[PDB]
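Analysis of the macromolecular model
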Amino acid sequence: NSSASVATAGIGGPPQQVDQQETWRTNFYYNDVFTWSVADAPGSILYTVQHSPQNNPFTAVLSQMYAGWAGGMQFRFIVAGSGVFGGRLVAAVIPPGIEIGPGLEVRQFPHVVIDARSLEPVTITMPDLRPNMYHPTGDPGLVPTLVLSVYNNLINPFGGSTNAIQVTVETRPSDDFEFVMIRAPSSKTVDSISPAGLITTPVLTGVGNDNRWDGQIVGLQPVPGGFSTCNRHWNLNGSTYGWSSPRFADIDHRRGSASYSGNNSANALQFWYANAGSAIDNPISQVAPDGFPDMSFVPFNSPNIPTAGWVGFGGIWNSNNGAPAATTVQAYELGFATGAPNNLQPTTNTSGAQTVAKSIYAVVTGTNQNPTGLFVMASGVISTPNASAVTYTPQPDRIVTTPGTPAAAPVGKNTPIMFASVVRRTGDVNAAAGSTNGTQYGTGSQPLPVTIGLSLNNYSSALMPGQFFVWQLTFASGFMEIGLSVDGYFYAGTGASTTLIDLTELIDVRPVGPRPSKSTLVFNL
Amino acid sequence: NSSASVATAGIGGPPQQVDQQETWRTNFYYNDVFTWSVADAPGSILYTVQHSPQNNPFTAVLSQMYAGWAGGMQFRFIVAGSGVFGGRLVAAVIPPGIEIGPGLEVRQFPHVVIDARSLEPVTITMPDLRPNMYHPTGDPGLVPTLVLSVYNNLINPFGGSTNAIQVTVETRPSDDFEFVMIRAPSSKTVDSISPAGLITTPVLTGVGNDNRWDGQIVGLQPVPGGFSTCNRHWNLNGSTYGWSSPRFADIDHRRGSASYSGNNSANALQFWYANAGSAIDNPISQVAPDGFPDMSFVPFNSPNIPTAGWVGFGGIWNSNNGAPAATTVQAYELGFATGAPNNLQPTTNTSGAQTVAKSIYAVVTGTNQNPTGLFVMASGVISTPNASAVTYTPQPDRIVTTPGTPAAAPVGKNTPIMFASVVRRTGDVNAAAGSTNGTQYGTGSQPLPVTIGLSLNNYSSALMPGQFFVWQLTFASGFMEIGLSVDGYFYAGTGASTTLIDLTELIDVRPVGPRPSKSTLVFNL
Amino acid sequence: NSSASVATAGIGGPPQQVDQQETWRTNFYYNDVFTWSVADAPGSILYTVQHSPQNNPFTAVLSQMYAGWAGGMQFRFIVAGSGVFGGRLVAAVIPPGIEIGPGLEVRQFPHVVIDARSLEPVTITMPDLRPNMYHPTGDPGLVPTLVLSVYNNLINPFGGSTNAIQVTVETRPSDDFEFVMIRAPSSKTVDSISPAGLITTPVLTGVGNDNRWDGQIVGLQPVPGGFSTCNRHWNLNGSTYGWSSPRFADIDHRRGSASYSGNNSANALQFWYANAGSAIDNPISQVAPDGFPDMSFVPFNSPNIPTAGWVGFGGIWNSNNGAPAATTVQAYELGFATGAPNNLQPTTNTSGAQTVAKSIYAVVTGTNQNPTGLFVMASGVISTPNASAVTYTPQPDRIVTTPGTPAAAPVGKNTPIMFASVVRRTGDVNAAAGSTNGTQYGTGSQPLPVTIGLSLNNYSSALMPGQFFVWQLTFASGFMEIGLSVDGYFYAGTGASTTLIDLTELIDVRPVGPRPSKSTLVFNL
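Residues numbered from 1 in each chain as written, not as in the entry; some residues may be left out. Chains lettered and ligands numbered in written order. Part of a larger assembly, values for the part shown. Heavy atoms only, no water.

1. Focus: the interface of chain C and chain B
Every contact between the two is made by 52 residues of chain C and, on the other side, 52 residues of chain B. Buried surface at the junction of chain C and chain B, summed over both partners, amounts to about 4100 Å²; 65% is from carbon and sulfur atoms. When the buried surface of chain C facing chain B is broken down by residue, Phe58(C), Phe313(C) and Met377(C) rank first, second and third, together holding 15% of it. Viewed at the interface, chain B and chain C are joined by 2 salt bridges. For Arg424(C), the salt bridge goes to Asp250(B), with nearest N and O atoms at 3.6 Å. Among the elements of the structure, α2 (57-63), α3 (201-207), β16 (309-318), β17 (323-324) and β18 (330-338) of chain C are those that each provide at least two residues to the side of chain C that touches chain B. Residue classes in the side of chain C that touches chain B are distributed as 29 nonpolar, 15 polar and 8 charged. (Contact = heavy atoms within 4.5 Å. Buried area = accessible area lost by both parts, 1.4 Å probe. Salt bridge = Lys/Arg side-chain N within 4 Å of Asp/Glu carboxyl O. Helix = DSSP H or I, 4+ residues; strand = E, 2+ residues; numbered from the N terminus. Nonpolar A, V, L, I, M, F, W, Y, C, P; charged D, E, K, R; others polar.)

2. Regarding the pairing of strand β31 (residues 506-516) of chain C
All names here are of chain C. With respect to burial, β31 is a largely interior element, 8 of its 11 residues being buried. As paired elements, strand β27 (residues 467-475) and β31 share 9 bridges and run antiparallel to each other. Counted as the bridge partner of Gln 467 is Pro 516 from β31. (Buried < 20%, exposed > 50% of the residue type's maximum accessible area, 1.4 Å probe, protein only. Pairing = 2+ DSSP bridges.)

3. A short note on the packing of aromatic side chains
Residues and elements named next belong to chain C. For the structure on display, the rule yields 40 aromatic pairs over all chains. Here the aromatic rings of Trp 243 and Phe 336 are separated by 5.5 Å at their centres, their planes lie at 50 degrees, and the arrangement is tilted. On the criterion of sequence distance, the pair formed by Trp 243 in the loop between β12 (217-222) and β13 (251-259) and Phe 336 in strand β18 is long-range, its members being 93 residues apart. With relative accessibility at 0%, the residue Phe 336 sits in the buried group. (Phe/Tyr/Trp six-rings, centres within 6.5 Å; stacked < 30°, edge-to-face > 60°.)

4. Here's the deal with the interface of chain C and chain A
At the junction of the two partners, chain C supplies 22 residues and chain A supplies 23 residues. Interface area for chain C against chain A, summed over the two sides, is near 1900 Å², with a carbon-plus-sulfur share of 57%. Linking chain C to chain A there are 0 salt bridges. Between the two partners, chain C and chain A, sit 4 residue pairs in polar contact. Contributing elements (two or more residues each) for the side of chain C that touches chain A: β1 (29-37), α2, β10 (164-173) and β31 of chain C. For the side of chain C that touches chain A, the per-class residue count stands at 14 nonpolar, 6 polar and 2 charged. (Polar contact = N/O pair within 3.5 Å; in protein donor to acceptor, adjacent residues only side chain to side chain.)

5. Notes on the relation of the copies chain C and chain B
Rotating chain C by 180 degrees about the axis while translating it 0.0 Å along that axis superimposes it on chain B, leaving an RMSD of 0.0 Å. Classification of the inter-copy transformation places it as that of a two-fold axis. Closest approach to the rotation axis within chain C is made by the C-alpha atom of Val364(C), at a distance of 3.0 Å. Taken together, the interface assignments show that 100% of the residues at the interface of chain C recur at the interface of chain B, consistent with an identical surface on both copies. (Least-squares fit on C-alpha atoms.)

6. A look at helix α2 (residues 57-65) of chain A
Residues lying three or four places apart along an α-helix face the same way, a consequence of the helix completing one turn every 3.6 residues. Residue and element names in this part refer to chain A. Within the sequence span of α2, burial applies to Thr 59, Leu 62 and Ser 63. An end-on view of α2 places all buried positions within 120 degrees of arc, on one side of the element. Lining the buried residues of α2 we find β4 (73-79), β10 (164-173) and β11 (178-180). (Arc of directions from axis to C-beta.)

7. Describing a nonpolar patch on the surface
On the surface, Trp24(A), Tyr29(A) and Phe58(A) cluster together to form a nonpolar patch covering roughly 310 Å² of accessible area. Following the sequence through the fold, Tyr29(A) ends up in strand β1 (residues 29-37). (Patch = residues over 30% accessible without salt bridge, like charges linked within 9 Å, V, L, I, M, F, W, Y side chains within 5 Å. Areas by Shrake-Rupley, 256 points an atom, 1.4 Å probe, with all protein chains shown as cover.)

8. Describing the side chain of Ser194(C)
With respect to the helices and strands, the residue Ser194(C) is situated in the loop between β11 (178-180) and α3. In this structure, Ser194(C) is in contact with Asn457(C), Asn458(C) and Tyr459(C), ignoring residues within four places of it in sequence.

9. Remarks on the pattern of salt bridges
By the definition in use, this model includes 21 salt bridges over all chains. For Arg510(B), the salt bridge goes to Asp32(B), with nearest N and O atoms at 2.9 Å. One end of the pair, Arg510(B), is in strand β31 (residues 506-516); the other, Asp32(B), is in strand β1 (residues 29-37), with 478 residues separating them in the sequence. Residue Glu170(C) pairs with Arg76(C) through a salt bridge whose shortest N-O separation is 2.7 Å.

10. Considerations on the sheet that holds strand β4 (residues 73-79) of chain B
All names here are of chain B. On the basis of which strands lie adjacent, the open sheet formed by 4 strands has the order β1-β10-β4-β7 and antiparallel pairing. Sheet topology places β1 and β7 (122-126) at the edges, where each strand pairs with a single neighbour. Sheet twist, expressed as the average angle between the axes of neighbouring strands with direction ignored, equals 25 degrees. Pairing geometry for β1 and strand β10 (residues 164-173), over 8 bridges, is antiparallel. Paired with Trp 36 across the bridge in β10 is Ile 165. (Axes fitted to C-alpha atoms, helices over the stretch in contact; angles between N-to-C directions.)

Structure follows, in structure tokens:
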């Protein structure tokens, strides 16, 4: 690999200003560590990095201080384990012009080998292979990448009882490394925007809540079979495929049709429905009124209760009138459906759907009119039998989504998870119940604070489509990793387990950074 | 001019560190030739080319092996003369970022004159005008342009038809030219050039098919009125505006209404329809289902057959059970229409339309159902009564388009072309034609391996919106040029022509690389 | 051994007159790796390769540019060890014309030992054994072989499952290696290697389709009983024994007899047949018409449907007039049979057979005519009653073959494979299945771009009848090898397996070049 690049790092002028500083470059300090197991395949990539000053601790804080950089940086690797262990690793410096993934053939680029038995550390100096121009802390332009790959797999002769060893990574800047465009310290560009700050501990401990139910988040729920979600959900492209803005507020739809069933004008069950694409007061999407639940309706016939329906309180409002008609005000079961008045069927897709309401108990005096509005409150309560507390609501089938929505499915051994929260439940009027309030797990895709920050800031040039942004969770007994995708869905490396993970013994959350999607999030509980 | 700069290029070049290949390249190799006539006016530009590793053919093969390039290229010019013809051309090396087109004069540039009376070739070195920045082979950036323009008019002493001579160009890399970043010439796909591979000899010869009727390409059809195409179309930005898959696939639509009109349940024409924009089971877009024809319907009255209709074979398919109805199996006209079920009228706008199907002959027993599905085969036949019929189908007026689709209209003397194929026609019981095939012409806007390849790999930033990518088609006798826009339309230089070009006597196809879109593409057949 | 011959090669080499490329090739590049276990017996041959410009990847790219080659190649071997395992391998440079296979011993050859306890790589030069005759790049002739065989058995001190280690090979061209006859690296097609291009990553990924049902390839199916295929099949000799075109094309047969059996002219099953070997309007061979299925008929009785029948949609077409009959339009079973019109029995021999068609449902009015034509579409559907049905179709017993067609039967542990795809099934009015696709498996013997490419360019004398051309298929987790015989069958190394291999998690495909056919192809998935 090149070495004349240093003369080119060498060129200065008006970026230097006064009084440049070598800073500390002398010794090697801990950047990172990686694990190598007998499990891992030849041609698998254990460690990768683009050349940057964010590869020492000292040059990452100086990055705020300086606006531009140039030159080489040295990477030192220490294999720890034993001299009795077979296997070999390959470290190679790759020039820019590349897309890294399944076709990027590490063992056919100029490279050096690292042997597992090495007692002493092995060093590489990584130069600049495009040294002609200063990089800012904006776009650097395309830079060389350092990749370490397994050439032949780790062997223990004493069997499978011990099966992994670690390799340390240490760095120091080289001689040719320099900085420029100092200015004075402040915050700047792409550096200040990262998905990291969305998730944090106080939100999961007790400050945060879900985006479907406004509940307190008690758990993490794995969903092996996948799911799809859009309403009040957001991505790292800054937009939503939903019809709700990211806050809880009343459901107002001005044009629907209203009727009642029982052939009696007083003491009857109220019905309201409308087709999708008439939400004239909603800017987000005219498909349904903001605040309307993303679930398919649940059939009930009087006096029988809906088994795990969404219920909210409200009543019927005509457009000419300043406030709703009181006689109509009652609890309603709400959902998305097709086939109103009396051929009702649930719908999982918004295209050709109908937004439907029916009162769970009798209204004082009904109303027959068309068109006329529906006015129902911000968050809902769960309708379900008396002492019911089985699994969670909605199940993946129950969630309604648009045809623009991308679905959440497993990637590798990484499984999508939903955030589980405590919801109010009711067993139908009076009687008895399993407890004082009863147990009930309502689930959402996201914590509402993450949803507000995806809507607030655009993170497209801040997490790549192949990556997850990763944080690690610490529990009193055990720890795990959790990931957020660019499509807004959250993942865990739990595989096919369904067990509820308890956030109530949560000590901590902290970022691990960007990781590629296929590679498994840690689960040790 | 800039021939001192040999030593100042030699600071920008050397950080890379690589060998010089001199011994192979003693001789110059053929690049192109152009024609010079008595009617080519002074100020006109006959020939232009950008600096690129693709100018010498052997350097193009070597470009594959390397990820960067730099240094100059020599150009050598031969005038074919006579010695009795007067006139001159001017050769200038144009700076980077100076727009090329007919507005461009050589007037105030450094230049050499190329003389009509010359008998000796005249050799210019084209130096590197970017040398501080090494160029990538697969993302190069901005380069200079070599331009040749007519200073003085070609004049002949005598009469006759004889009015033209040719000027040949051959090239050789200079002693400053260099390849660097060998790495692994291992597993990159588009090292080979992405745009250039779209058209090839055996593909235009007999391997290729067209992307709308699946026929064999016999010819090229100019459309001097211009035209528009959205479906099964891709482009050099990777984007599309269609609904149908990149390959040909069968029609399955689960959600329609079926009915018939008449005085009886039997020996009637079956009708089925569903709305446009409702196909939520199509991954590409909801405009219609996959396999659905992008040409407007043909109204007809029982018992008569539609002409220049798209007909396909299929039947009514039960949505609840998932299974066909045999009695319904018949040939059907499938099309886009508006005014369903019974006020039907034709449109070319998808929005607010209905995708409609009607049988071309009597079904034994019809069915009235809602909902019911439609299941029809992939392949399509043109409906035409006995012998002599319509010139080519679809005509540009028949084609439907969806918002976002740009239309292709002539530029200068370049006119947009469609690809013509021989297609199967059926129409009217025991009909016949004047020929055995019954010579019926189906047209597509692209060849299908091109539609598939432009959907499989990226092509962005390779061709400039002012330029066309050019290939030269070579016949046993004569040649012509064909061009590709950024948009993914093909163009040819026949001007106000409607005449069909016969591709039967094709020997070869070669890439000519980008050329300005106002440059006429030559026609000598 | 033969390392004196440096100066005697230098008379045979020099008449050509060319430069030496040294500066690019400082380092060695990855060629392959193989596995060494406690169960690989002494005398066994683990790895073999012929001298060829295709061993180093960058030399392969350069081979394109040149029409001849000569000189040696260095080979470098790394044992992955541990230091507690005993055993040895022997490395010999084998003379030209000495047959390779398991009968081959290293016993009396010059050799080096490669040691289990080795920690340092061991490097052999493979000299040119042909130097008086310069080799062609695109017709090379006879070369020597490098062979590695087990001298002493791998032994472990301890128990556990741990029983294997790997040995890597990397190569570098020698200082004697040379390229000559640059000419024009211009316009030769198969400069690139003809055999190697047949299988590619995006082709096995999602661009390829199979050559009998036109479906998407999901898997590989081993057939440990062996099988035979003639139609739409080509080979590495360019020869075929089929009737149908290299692409999928519609059935048109002008000369048949049509009849029905029953008690009435209406609501009957139409039957049509013509003899095999009579299709004089088919350019390829008169065995049947173009588009006709190469699987034996399925007898059925009215009113029941055939199972695992080939069904296609079409009708009776008037031979005198050249035009269809609408009333006859229906779904038909098309097949090869013997015993027509009414003693019909199935066969797999074409000679003395009849190509037969029978409708699967009632036609409104039937026709009795002689002669009358048959006109049916290209695409085909599998006939199956409701849900659970046959494992794959065609089964090897159903396939018809014509004289001259060789059958593919296992060799050693390599077994012949068919390519599996998901195909459309229809059968029995308003039927259904357990899944929405109704998971029906269609099989082809080759991928269709391979059938088309093996018909488009020549391939003779590239692969030796004892060897198989090998490609390596690489997955996200594990890898396997696939092989191609001279005959144009594909093979895999699953032995007595019938289990279907799922190609869903494929990352990559790379050519491994020829290997002896008795060599097992590896399976680690």
